[PDB]
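K.L.:
Attaching a single structure in structure tokens format; questions to follow.
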Amino acid sequence: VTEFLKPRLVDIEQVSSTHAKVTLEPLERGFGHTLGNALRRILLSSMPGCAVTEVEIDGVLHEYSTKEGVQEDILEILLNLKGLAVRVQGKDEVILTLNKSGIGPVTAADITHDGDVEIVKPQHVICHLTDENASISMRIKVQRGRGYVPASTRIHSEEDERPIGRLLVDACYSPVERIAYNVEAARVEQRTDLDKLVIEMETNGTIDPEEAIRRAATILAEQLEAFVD
Amino acid sequence: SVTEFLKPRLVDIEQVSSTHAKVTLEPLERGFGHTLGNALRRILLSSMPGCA
Amino acid sequence: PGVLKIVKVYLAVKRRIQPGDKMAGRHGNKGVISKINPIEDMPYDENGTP
């Protein structure tokens with residue numbers, strides 16, 4: 001080591017709720033490249049999250065079919081609503097709900113507010129309505145996954161289940177979506193010129209920047225633990 | 001599950017000579033193994049103590 | 001054709017673009033998408049966007 005000068009988390013700036021630029025302490029030579037690269041890689045690698053996993057909606061029976069009063073297709077509903085992302089508590093595999101009528105635009109806000117989830121933005125799309133008499137009724141099931149789980153990757157889970165009315169779609173299940181490294185060298189006068197690495201992290205807002213960084217670090221440490229042996 | 005990751009169990013290493021040798025590990029995560037190897041090279045080479 | 005009734009059923013399908021399939025360009029170039037790289041692989045811009 002010989003005064004290895006290990007870096008530490010410091011000067012974390014949140015550009016937005018889902019846009020952030022964080023810093024760390026200066027570190028010795030040769031780690032900054034490795035630190036930044038491994039950080040971007042691990043962070044993008046496995047960021048667990050919650051997302052919409054299976055849909056059971058009263059109206060349609062075949063999503064490749066139309067629906068009176070509604071504008072977008074049922075596949076279009078699945079696509080736009082697939083933009084649903086929400087913070088999830090320790091509870092997993094929950095069922096949120098959303099049912100409403102009217103003639104105004106349909107927003108994500110018109111969803112059943114449970115005690116274990118939080119919708120980040122009221123601005124997502126729920127296939128804005130078209131006719132007064134029509135009433136959309138849906139209940140969206142959310143699961144907690146680490147990465148993209150294919151539509152037929154979940155096929156084997158249902159042998160006698162999944163009736164026509166309950167269907168599955170695809171997802172990403174990783175709120176990270178951005179991790180990048182930029183190493184500079186500053187704030188080093190008392191000792192040799194050390195390097196501080198700035199991390200640009202733009203998560204889905206579901207995971208906090210420092211918390212996610214800590215989780216990734218713990219994963220990396222767990223990995224390196226066997227490497228000694 | 002959510003945060004569990006595969007750890008390598010097969011750590012059989014063949015020593016070609018007193019200095020030449022190749023070790024191998026069991027399954028690392030896809031892309032995570034490559035990152036681990038690259039970082040191992042970067043660290044083990046960019047800084048390695050010894051009298052010279 | 002002496003059939004009391006002929007009934008047709010039409011089903012649907014979606015297909016996923018996977019390694020080896022055919023693509024090209026409007027600038028005249030044939031090719032196949034043939035390498036499935038984990039997202040930690042494809043190079044990223046200086047601003048980070050791959």
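Quick note on naming: the chains in the structure tokens go A, B, ... in the order shown, residues restart at 1 in each chain, and ligands are numbered from 1 in order of appearance.
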I want to know what sits within 12 Å of residue A:14, based on only C-alpha atoms, with residues of the same chain fewer than 4 positions away left out; could you give that as a PyMOL selection string?

P.N.:
chain A and resi 18-23+199-203+205+208-210

K.L.:
Could you give me, as a list in words, each residue of chain B that DSSP assigns to strand (DSSP E) when run on this structure's backbone?

P.N.:
residues 13, 14, 22 and 23 of chain B

K.L.:
For the atom pair atom CA of residue B:27 and atom CA of residue B:8, what is the interatomic distance in Å to one decimal place?

P.N.:
5.5 Å

K.L.:
With a cut-off of 9 Å, could you pull out the residues of chain C touching chain B and give me the nearest pair of atoms for each, distance in Å to one decimal, using only C-alpha atoms, ordered by chain and ascending number, as CSV?

P.N.:
residue,atom,partner,partner_atom,distance
C:38,CA,B:31,CA,6.5
C:39,CA,B:31,CA,8.4
C:40,CA,B:31,CA,6.2
C:41,CA,B:31,CA,7.5

K.L.:
Filtering to C-alpha atoms, could you give me those residues as a CSV table (one decimal), in the first residue's frame?

P.N.:
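Final output, saved to part13.csv:
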chain,number,residue,atom,x,y,z
C,38,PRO,CA,-23.9,-8.0,-23.6
C,39,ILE,CA,-24.7,-4.3,-23.1
C,40,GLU,CA,-21.5,-3.9,-21.1
C,41,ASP,CA,-19.7,-4.5,-24.4

K.L.:
Please identify every residue of chain B that has at least one atom no farther than 8 Å from an atom of chain A, counting only C-alpha atoms, and for each give the shortest atom pair and the distance in Å to one decimal, arranged by chain then increasing number, as CSV.

P.N.:
residue,atom,partner,partner_atom,distance
B:2,CA,A:146,CA,6.1
B:3,CA,A:48,CA,7.4
B:5,CA,A:219,CA,7.7
B:7,CA,A:223,CA,6.7
B:8,CA,A:226,CA,7.3
B:31,CA,A:45,CA,7.8
B:32,CA,A:42,CA,7.0
B:35,CA,A:38,CA,6.2
B:36,CA,A:38,CA,7.6
B:39,CA,A:34,CA,5.5
B:42,CA,A:34,CA,6.3
B:43,CA,A:31,CA,6.7
B:46,CA,A:30,CA,5.4
B:47,CA,A:30,CA,6.9

K.L.:
Report as JSON lines: every residue of chain C with an atom at most 12 Å from chain A, its closest pair of atoms, and their distance in Å to one decimal, counting only C-alpha atoms, with rows sorted by chain and ascending residue number.

P.N.:
{"residue": "C:11", "atom": "CA", "partner": "A:64", "partner_atom": "CA", "distance": 10.2}
{"residue": "C:12", "atom": "CA", "partner": "A:64", "partner_atom": "CA", "distance": 8.1}
{"residue": "C:13", "atom": "CA", "partner": "A:64", "partner_atom": "CA", "distance": 9.7}
{"residue": "C:14", "atom": "CA", "partner": "A:64", "partner_atom": "CA", "distance": 10.4}
{"residue": "C:15", "atom": "CA", "partner": "A:151", "partner_atom": "CA", "distance": 11.3}
{"residue": "C:16", "atom": "CA", "partner": "A:150", "partner_atom": "CA", "distance": 10.2}
{"residue": "C:38", "atom": "CA", "partner": "A:45", "partner_atom": "CA", "distance": 9.2}
{"residue": "C:39", "atom": "CA", "partner": "A:45", "partner_atom": "CA", "distance": 8.1}
{"residue": "C:40", "atom": "CA", "partner": "A:41", "partner_atom": "CA", "distance": 5.9}
{"residue": "C:41", "atom": "CA", "partner": "A:41", "partner_atom": "CA", "distance": 8.9}
{"residue": "C:42", "atom": "CA", "partner": "A:41", "partner_atom": "CA", "distance": 11.4}
{"residue": "C:43", "atom": "CA", "partner": "A:41", "partner_atom": "CA", "distance": 11.6}
{"residue": "C:44", "atom": "CA", "partner": "A:180", "partner_atom": "CA", "distance": 8.9}
{"residue": "C:45", "atom": "CA", "partner": "A:180", "partner_atom": "CA", "distance": 9.8}
{"residue": "C:46", "atom": "CA", "partner": "A:180", "partner_atom": "CA", "distance": 9.0}
{"residue": "C:47", "atom": "CA", "partner": "A:180", "partner_atom": "CA", "distance": 8.1}
{"residue": "C:48", "atom": "CA", "partner": "A:180", "partner_atom": "CA", "distance": 5.9}
{"residue": "C:49", "atom": "CA", "partner": "A:178", "partner_atom": "CA", "distance": 8.5}
{"residue": "C:50", "atom": "CA", "partner": "A:178", "partner_atom": "CA", "distance": 10.3}

K.L.:
Atom CA of residue A:194 and atom CA of residue A:7 are how many Å apart?

P.N.:
9.9 Å

K.L.:
What gap, in Å, lies between atom CA of residue A:137 and atom CA of residue A:52?

P.N.:
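That distance, rounded to one decimal, is 16.0 Å.
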